[PDB]
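**Q**
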Amino acid sequence: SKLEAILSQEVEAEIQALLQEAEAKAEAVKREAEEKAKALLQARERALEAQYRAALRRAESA
Amino acid sequence: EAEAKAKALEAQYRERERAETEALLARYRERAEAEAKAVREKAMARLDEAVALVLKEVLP
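The listed protein sequences derive, respectively, from chains L and K. Everything in the first sequence is counted per the deposited numbering, starting at 2 for the first residue and increasing by one. Everything in the second sequence is counted per the deposited numbering, starting at 61 for the first residue and increasing by one.
1) Taking the alpha carbon of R59(L) as the point to measure from, which residue in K67(K), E80(K) and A105(K) has its own alpha carbon closest?
2) On a Cα-Cα basis, can you pick out the residue from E61(K), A64(K) and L69(K) that is closest to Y53(L)?
3) I want to verify the contact list: residues of chain L whose CB lies under 7 Å from the CB of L85(K), in sequence order.
4) Counting C-beta neighbours from all protein chains within 10 Å, is the total for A56(L) 16 or more, i.e. buried, or is it exposed?
5) Is any beta-carbon of chain K found at less than 8 Å from that of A56(L)?
6) Against residue 1(L), what residues of chain K qualify as contacts under a CB-to-CB distance less than 7 Å, listed in chain order?
7) What's the gap between the Cα of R87(K) and the Cα of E93(K)?
8) Residues in the same chain with beta-carbon distance under 8 Å from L41(L), minus the five sequence neighbours each way, listed in chain order, please.
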């Protein structure tokens, strides 16, 4: 049926948009999880450098 | 990768922590002994020049 083929083009439109949305949501996932690895890496580094600074100041004053 | 970097990162900088704490403790030990012998050494150059004059000063 011709209108069945039009239903098929609607279904293929949904397949096109669904693979677009699938890559969009997976892209947001990989993005935000990498940038939270980023900024968290940095927080760890400044904390452990500050802790070694505490070692510096306190041992020299003692 | 986050937990691996955190683990090895902590390993490295804690080892630097202990290296620091000895590296300043024992050096301040040796300088404190040098300054103790220095203040005793400068003191034991005049220790009877002072006590002679002040036992003069106490005595009426």
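No residue lacks a Cβ here, since even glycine has one placed at the ideal position from N, Cα and C.
**A** In terms of the structure at hand:
1) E80(K)
2) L69(K)
3) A60
4) buried
5) yes
6) With chain L represented from 2 up to 63, any question about residue 1(L) goes unanswered, as that position is not in the structure.
7) 10 Å
8) none
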